[PDB]
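Protein sequence lines correspond, in order, to chains I and A.
Quick note, the first sequence lines up with residues 252 to 383, 393 to 484, 492 to 530, 551 to 652 if you use the deposited numbering.
Heads up, the deposited numbering is the position in the second sequence plus 2, with the first residue counted as 1.
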Amino acid sequence: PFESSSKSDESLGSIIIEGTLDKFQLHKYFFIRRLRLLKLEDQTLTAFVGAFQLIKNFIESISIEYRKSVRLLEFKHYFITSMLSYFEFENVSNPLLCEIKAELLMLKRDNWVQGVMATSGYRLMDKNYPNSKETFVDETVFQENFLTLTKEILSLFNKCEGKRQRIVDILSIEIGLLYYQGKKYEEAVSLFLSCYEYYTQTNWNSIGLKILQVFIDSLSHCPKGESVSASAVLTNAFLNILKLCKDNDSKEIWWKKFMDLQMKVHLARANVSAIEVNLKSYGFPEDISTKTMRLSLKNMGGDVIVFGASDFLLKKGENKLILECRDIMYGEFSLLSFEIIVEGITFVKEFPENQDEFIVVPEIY
Amino acid sequence: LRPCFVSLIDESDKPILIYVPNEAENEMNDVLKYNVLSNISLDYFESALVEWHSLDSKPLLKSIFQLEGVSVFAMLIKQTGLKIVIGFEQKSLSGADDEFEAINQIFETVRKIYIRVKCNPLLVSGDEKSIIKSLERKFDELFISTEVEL
């Protein structure tokens, strides 16, 4: 003799529709806690998301008037006692770290409480708060200490679930303020700053355009596949692709060669600024093949050293070039002075082998 | 009544435009928070057993979230793989249901604006540059610039 969850949801809606009382939604909180203890061992977590929506409506009830610790402190205190989401069910072999997601949201609420209420300890470098008393952070250095301990314990514990790759792919990629709050040389924290910064370059840009802004200060005034001299140049000289403004703020266009101005070893590059397009290859003087090439221009400087290539069906011919082209404008007549002919352009010479362009760091295409 | 950003992502998980109103003429650098909120919602597509979708007839306004000063959600139509999201600033938030269906219907207005500008053949091969400026130029009057209409 029982009734299902539809009567529970309809009775919750009818108890919400009952009005004119003057409580702090205790009539809602009674049925919310009864539905919470009815919604624990289901291994479902959707009614835990409904409990999170109940916590959101309770947060809006506290947030109807909460400002400047006159009642913002009351709203943060009500949320810190409303951390019974973490203090009701907490078990291993549960339904995949929904408590870790809820504790992450509650840690964001507590960081907003410590980051808000005037004070100081700016441990976010973004000031989430906006215009307008547990005492966990009694100092600004202790504000960084008590929160980086919080944001590292709650980082990979949410990765214990099924593979979402959601928070620690971003927030543990947000360890820029973990050591470069004030301390300059982040060689200790070089696991994500200047190691795998391309995961937002391969994703959508302008996130990594500030991540690489602090992935150069670990090598701007600091010395000593973690062995390099200037081989961190994909983040230094090949950061001009994400640098949309080059004619303004040309310190991203000066330091590409100023890092190499006292260089010395090679690498690869995309040549995604200067495009290259072919043309009608003609004939020339004695043993001069002389293909025709057109090259674009988006980088600043000149005086390259380059050659073209064209593989046959057996061996490469490497139909060379003058290697002093000095590309300043688009679609210019590159000379492509080519010798050592592989059988008079034998018609299986399909132009597949790349047209590199080296300025001590090679740029294959 | 005013969104705090407008974000557009297609089916390849490539963000089309993370548009923020009023980054010039007003406060900068919170756009650096705005696009990483968009990326948090992008890898927060479905996580920790929370399901937004149960009605397959029309894709309605799905599950609200709230995170570090904003209130975001998602509206996956599932038609041509469009994954567009809108946040709101929690400061000026009344939290009613006509508000909830109001932001549902203005989500369908920005859906209408995208599907109008998607098939304007007055300029053809508008897919990389000034299609974005044109759609921003159609964004920035539907929620703001009402100040002089009267």
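For each residue, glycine too, the CB sits at the ideal point set by N, CA and C.
If you run the structure through DSSP and keep just helix, strand and coil, what is residue i?
i: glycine 492 (chain I); result: coil
i: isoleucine 467 (chain I); result: coil
i: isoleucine 18 (chain A); result: strand
i: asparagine 308 (chain I); result: helix
i: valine 8 (chain A); result: strand
i: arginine 581 (chain I); result: strand
i: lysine 352 (chain I); result: helix
i: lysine 603 (chain I); result: strand
i: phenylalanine 402 (chain I); result: helix
i: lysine 131 (chain A); result: coil
i: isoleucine 520 (chain I); result: helix
i: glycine 264 (chain I); result: helix
i: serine 621 (chain I); result: strand
i: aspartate 99 (chain A); result: helix
i: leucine 296 (chain I); result: coil
i: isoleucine 86 (chain A); result: strand
i: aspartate 45 (chain A); result: coil
i: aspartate 429 (chain I); result: coil
i: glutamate 53 (chain A); result: coil
i: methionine 357 (chain I); result: helix
i: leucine 69 (chain A); result: strand
i: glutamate 91 (chain A); result: strand
For residue i, which of the options has the nearest alpha-carbon?
i: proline 483 (chain I); options: I:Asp514, I:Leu528 and I:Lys444; result: I:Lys444
i: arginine 284 (chain I); options: I:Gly301, I:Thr271 and I:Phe645; result: I:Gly301
i: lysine 411 (chain I); options: I:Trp464, I:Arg374 and I:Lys290; result: I:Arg374
i: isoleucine 42 (chain A); options: I:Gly618, I:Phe505 and I:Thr460; result: I:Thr460
i: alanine 298 (chain I); options: I:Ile267, I:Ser265 and I:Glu350; result: I:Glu350
i: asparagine 31 (chain A); options: I:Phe625, I:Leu324 and I:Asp377; result: I:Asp377
i: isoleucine 435 (chain I); options: I:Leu407, I:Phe309 and I:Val648; result: I:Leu407
i: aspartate 58 (chain A); options: A:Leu78, A:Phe67 and A:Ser65; result: A:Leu78
i: residue 653 (chain I); options: I:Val321, I:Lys319, I:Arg360 and I:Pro572; result: This structure gives no information on residue 653 (chain I), because the portion of chain I shown stretches from 252 to 652.
i: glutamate 493 (chain I); options: I:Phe625, I:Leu501 and I:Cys455; result: I:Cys455
i: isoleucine 108 (chain A); options: A:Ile20, A:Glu53 and A:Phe141; result: A:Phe141
i: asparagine 586 (chain I); options: I:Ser576, I:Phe525, I:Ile520 and I:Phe625; result: I:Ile520
i: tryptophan 464 (chain I); options: A:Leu62, A:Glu27 and A:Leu44; result: A:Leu44
i: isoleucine 615 (chain I); options: I:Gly589, I:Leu324, I:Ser466 and I:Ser498; result: I:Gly589
i: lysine 603 (chain I); options: I:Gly570, I:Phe638 and I:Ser576; result: I:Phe638
i: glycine 366 (chain I); options: I:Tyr569, I:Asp398, I:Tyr652 and I:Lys352; result: I:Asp398
i: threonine 577 (chain I); options: I:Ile627, I:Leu272 and I:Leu601; result: I:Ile627
i: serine 498 (chain I); options: I:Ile413, I:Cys512 and I:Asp527; result: I:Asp527
i: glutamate 573 (chain I); options: I:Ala596, I:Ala555, I:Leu506 and I:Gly631; result: I:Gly631
i: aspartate 429 (chain I); options: I:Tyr440, I:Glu446, I:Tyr458 and I:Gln441; result: I:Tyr458
i: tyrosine 440 (chain I); options: I:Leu414, I:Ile467, I:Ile471 and I:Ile413; result: I:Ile471
If the criterion is Cβ atoms closer than 7 angstroms, does the pair residue i and residue j meet it?
i: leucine 610 (chain I); j: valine 629 (chain I); result: no
i: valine 591 (chain I); j: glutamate 644 (chain I); result: yes
i: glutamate 25 (chain A); j: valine 33 (chain A); result: yes
i: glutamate 130 (chain A); j: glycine 83 (chain A); result: no
i: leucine 355 (chain I); j: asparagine 405 (chain I); result: no
i: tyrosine 317 (chain I); j: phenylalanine 330 (chain I); result: no
i: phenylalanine 75 (chain A); j: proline 5 (chain A); result: no
i: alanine 504 (chain I); j: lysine 523 (chain I); result: yes
i: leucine 51 (chain A); j: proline 381 (chain I); result: no
i: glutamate 650 (chain I); j: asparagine 558 (chain I); result: yes
i: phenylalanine 475 (chain I); j: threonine 502 (chain I); result: yes
i: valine 648 (chain I); j: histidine 481 (chain I); result: no
i: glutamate 269 (chain I); j: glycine 97 (chain A); result: no
i: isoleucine 117 (chain A); j: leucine 10 (chain A); result: no
i: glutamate 138 (chain A); j: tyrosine 21 (chain A); result: yes
i: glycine 372 (chain I); j: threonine 395 (chain I); result: no
i: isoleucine 266 (chain I); j: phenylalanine 253 (chain I); result: no
i: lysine 393 (chain I); j: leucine 438 (chain I); result: no
Run through chain A and tell me which residues come within less than 8 angstroms of residue i, C-beta to C-beta.
i: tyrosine 380 (chain I); result: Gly71
i: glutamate 311 (chain I); result: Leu95 and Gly97
i: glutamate 421 (chain I); result: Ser49 and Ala50
i: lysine 307 (chain I); result: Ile66 and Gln68
Show which residues of chain A have a CB atom less than 7 angstroms away from the CB atom of residue i.
i: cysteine 349 (chain I); result: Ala50 and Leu51
Which bits of chain I does residue i rub up against, with CB to CB less than 9 angstroms?
i: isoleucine 42 (chain A); result: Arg426, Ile427, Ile430 and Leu431
Using a Cβ cut-off of 7 angstroms, pull out every chain I residue sitting near residue i, in sequence order please.
i: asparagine 28 (chain A); result: The contacting residues do not exist; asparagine 28 (chain A) stays about 13 angstroms from chain I at best.
i: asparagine 37 (chain A); result: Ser466 and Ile467
i: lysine 16 (chain A); result: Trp464
i: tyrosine 21 (chain A); result: Near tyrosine 21 (chain A) there are no residues of chain I at all, since even the closest Cβ is about 12 angstroms away, more than 7 angstroms.
Does the ligand MN have even one heavy atom less than 6 angstroms from the beta-carbon of residue i?
i: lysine 636 (chain I); result: The model on display carries no ligand, and the ligand MN is accordingly not part of it.
Find the residues of chain I that neighbour residue i, judging by a C-beta separation of less than 8 angstroms, and give them in chain order.
i: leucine 34 (chain A); result: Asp377, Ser466, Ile467 and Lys470
i: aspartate 100 (chain A); result: The contacting residues do not exist; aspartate 100 (chain A) stays about 15 angstroms from chain I at best.
Just the chain A side, please: which residues come within less than 9 angstroms of residue i by C-beta, in chain order?
i: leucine 296 (chain I); result: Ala50, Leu51 and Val52
i: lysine 359 (chain I); result: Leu69 and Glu70
**Item:** Inter-stretch contact at 8 angstroms, needing at least 3 Cβ pairs: the segment 612 to 630 of chain I / the segment 574 to 584 of chain I
**Value:** yes
**Item:** Cβ pair count under 8 angstroms reaching 3, the segment 438 to 457 of chain I against the segment 58 to 72 of chain A
**Value:** no
**Validate contact between the segment 419 to 432 of chain I and the segment 120 to 129 of chain A using beta carbons, cut 8 angstroms, 3 pairs** = no
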